[PDB]
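Enquirer: Let me give you the structure first, and then I'll get to my questions.
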Amino acid sequence: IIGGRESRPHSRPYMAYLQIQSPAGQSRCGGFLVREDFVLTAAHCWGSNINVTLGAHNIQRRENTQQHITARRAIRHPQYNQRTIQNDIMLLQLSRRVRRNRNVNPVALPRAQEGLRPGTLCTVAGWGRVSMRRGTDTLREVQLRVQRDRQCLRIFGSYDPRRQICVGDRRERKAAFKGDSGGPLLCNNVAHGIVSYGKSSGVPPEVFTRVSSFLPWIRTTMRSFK
Ligand SMILES: CC(=O)NCCc1c([C@@H](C2=C(O)[C@@](C)(c3ccccc3)OC2=O)c2ccccc2)[nH]c2cc(F)ccc12
Ligand SMILES: [Zn+2]
Ligand SMILES: [Zn+2]
């Protein structure tokens, strides 16, 4: 998170810290608990192994609030496209249910057909970088404004307003960045978006997955692999 602040510890108890292991080494993503057995995140965060840490604030320290659960399945949308980054959405079926408590509990999703309009102020949180090339170990958050479609259509290779949200005012140095992918865009305490990607410079606007568009996929998947 660029241009944000440290979150109050455990104030976002749905936040999931993901460590993604692959032949390229280790990478970081966020995610969010949507039921006691499922974390929602971005498909590009897939790797050979995905370890989930729930209940965290400082991910460089053991904390008694933490729960460590490996993903039993990492279920990517069937139309995820690595080149265009379309359909950048994935569900992690946890290998066991969380122990629900005030530090670990799920966040609401939009209702069916519930939209999200340009101009809405939302919050994004994560453990990603705080500048183009510096990181952090504690959870941070920043408020960003939903942009009109045109802002992202003009500057990205592939953008679809039906499935994506365009987020962040270009004049403000405030953005999700590397390490934040998969985390939620919270608008009035509902997770309407998933951090996907932006420019390598960190200059907004950036692209989020529009959760409301994928509710059928989310619901069916959660039922099948409950
Ligand atoms: C290819 C691309 O569009 N890069 C943009 C830089 C960027 C990324 C990139 C990215 C990761 O997410 C990460 C940490 C990674 C994690 C897990 C597995 C692989 C890689 O390392 C990366 O470099 C990225 C990579 C692939 C697909 C989408 C995004 N995440 C962001 C999020 C933001 F909020 C703003 C800008 C970006
Ligand atoms: Zn704590
Ligand atoms: Zn740990």
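In the structure tokens, the first chain shown is A, the next is B, and so on; residue numbers restart at 1 for each chain, and ligands run from 1 in the order shown.
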Would you mind listing the residues within 10 Å of ligand 1, counting only C-alpha atoms and all ligand atoms, as a count of residues only?
Expert: 60
Enquirer: Dump as a Markdown table the rows for residues of chain A within 9 Å of ligand 2: closest atom pair and distance in Å with one decimal, only C-alpha atoms and all ligand atoms counted, ordered by chain and rising residue number.
Expert:
```
| residue | atom | partner | partner_atom_place_in_ligand_line | distance |
| --- | --- | --- | --- | --- |
| A:9 | CA | ligand 2 | 1 (Zn) | 5.6 |
| A:10 | CA | ligand 2 | 1 (Zn) | 6.3 |
| A:55 | CA | ligand 2 | 1 (Zn) | 8.0 |
| A:56 | CA | ligand 2 | 1 (Zn) | 7.0 |
| A:57 | CA | ligand 2 | 1 (Zn) | 6.0 |
| A:58 | CA | ligand 2 | 1 (Zn) | 7.7 |
| A:63 | CA | ligand 2 | 1 (Zn) | 6.4 |
| A:64 | CA | ligand 2 | 1 (Zn) | 7.6 |
| A:65 | CA | ligand 2 | 1 (Zn) | 6.3 |
| A:66 | CA | ligand 2 | 1 (Zn) | 8.6 |
| A:103 | CA | ligand 2 | 1 (Zn) | 8.4 |
```
Enquirer: Can you work out which residues are within 7 Å of ligand 3, considering only C-alpha atoms and all ligand atoms, and then hand them over as a list in words?
Expert: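 Protein and nucleic-acid residues within 7 Å of ligand 3: residues 53, 59, 62 and 68 of chain A.
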Enquirer: Would you output that residue set with N, CA, C and O atoms, as a compact mmCIF listing (two decimals), in the first residue's frame?
Expert:
```
# COMPACT_ATOMS: atom_id res chain seq x y z
N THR A 53 -1.91 -17.17 6.23
CA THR A 53 -1.84 -16.75 7.62
C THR A 53 -2.97 -15.79 7.89
O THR A 53 -3.06 -14.73 7.25
N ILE A 59 3.53 -9.58 10.06
CA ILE A 59 3.79 -10.89 9.49
C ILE A 59 5.25 -11.30 9.58
O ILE A 59 5.63 -12.36 9.06
N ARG A 62 5.81 -14.06 15.05
CA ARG A 62 4.77 -14.92 15.59
C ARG A 62 3.88 -14.04 16.46
O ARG A 62 4.35 -13.19 17.19
N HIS A 68 -2.41 -20.51 11.00
CA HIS A 68 -1.71 -20.96 9.79
C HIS A 68 -2.46 -22.12 9.21
O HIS A 68 -2.61 -23.16 9.88
```
Enquirer: Go through stretch 33-59 of chain A and flag each residue having an atom no more than 12 Å from stretch 219-225 of chain A; for those, report the closest pair of atoms plus their distance in Å to one decimal, using only C-alpha atoms, ordered by chain and rising number, as a tab-separated table.
Expert:
```
residue	atom	partner	partner_atom	distance
A:34	CA	A:222	CA	9.7
A:35	CA	A:222	CA	8.8
A:36	CA	A:222	CA	10.9
A:37	CA	A:222	CA	8.7
A:38	CA	A:222	CA	7.5
A:39	CA	A:222	CA	10.1
A:40	CA	A:222	CA	10.4
```
Enquirer: Taking only C-alpha atoms into account, which of A:166, A:152, A:142, A:122 comes nearest residue A:189?
Expert: A:122
Enquirer: Could you tell me how far atom CA of residue A:72 lies from atom CA of residue A:91, in Å and to one decimal?
Expert: 10.6 Å
Enquirer: Residue A:164: which residues within 6 Å, counting only C-alpha atoms, same-chain residues fewer than 2 positions away excluded, as a list in words?
Expert: residues 160, 161, 208, 209 and 210 of chain A
Enquirer: Those same residues - C-alpha atoms - I'd like them written as a short mmCIF file (atom, residue, chain, number, x, y, z; two decimals), in the first residue's frame.
Expert:
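What follows is the written file again-v1.cif:
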```cif
data_model
loop_
_atom_site.label_atom_id
_atom_site.label_comp_id
_atom_site.auth_asym_id
_atom_site.auth_seq_id
_atom_site.Cartn_x
_atom_site.Cartn_y
_atom_site.Cartn_z
CA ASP A 160 -13.45 -4.72 -19.22
CA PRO A 161 -15.79 -2.65 -17.08
CA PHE A 208 -9.50 -4.45 -9.48
CA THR A 209 -11.70 -7.48 -10.14
CA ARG A 210 -15.38 -6.61 -9.79
#
```
Enquirer: Identify, on the basis of only C-alpha atoms, every residue whose closest approach to residue A:78 does not exceed 10 Å; exclude the query and any residue fewer than 2 positions from it along the same chain; express the result as a PDB file with C-alpha atoms, in the first residue's frame.
Expert:
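And here is the file that came out, out14.pdb:
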```
ATOM      1  CA  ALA A  43      -5.774 -15.990  -9.747  1.00  0.00           C
ATOM      2  CA  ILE A  75      -9.456 -22.867  -7.597  1.00  0.00           C
ATOM      3  CA  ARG A  76      -8.830 -20.363 -10.391  1.00  0.00           C
ATOM      4  CA  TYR A  80      -8.309 -16.626 -16.153  1.00  0.00           C
ATOM      5  CA  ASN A  81      -5.913 -15.380 -18.822  1.00  0.00           C
ATOM      6  CA  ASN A  87     -10.863 -13.037 -14.749  1.00  0.00           C
ATOM      7  CA  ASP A  88      -8.232 -12.577 -12.057  1.00  0.00           C
ATOM      8  CA  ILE A  89     -10.094 -14.357  -9.295  1.00  0.00           C
ATOM      9  CA  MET A  90      -9.382 -17.492  -7.245  1.00  0.00           C
ATOM     10  CA  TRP A 217     -18.844 -18.451  -9.924  1.00  0.00           C
TER      11      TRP A 217
END
```
Enquirer: How many Å lie between atom CA of residue A:192 and atom CA of residue A:92, rounded to one decimal?
Expert: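 So the answer is 18.0 Å.
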Enquirer: Per DSSP on the backbone, filter stretch 56-136 of chain A down to the residues in strand (DSSP E or B) and report them as a list in words.
Expert: residues 58, 67, 68, 69, 70, 71, 72, 73, 74, 75, 76, 90, 91, 92, 93, 94, 101, 104, 121, 122, 123, 124, 125, 126, 131 and 134 of chain A
Enquirer: When DSSP is applied to the backbone of this structure, which of chain A are assigned helix (DSSP H, G or I)? Write them out as a list in words.
Expert: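 Restricting chain A to helix (DSSP H, G or I) produces residues 43, 44, 45, 149, 150, 151, 152, 153, 211, 212, 213, 214, 215, 216, 217, 218, 219, 220, 221, 222, 223 and 224 of chain A.
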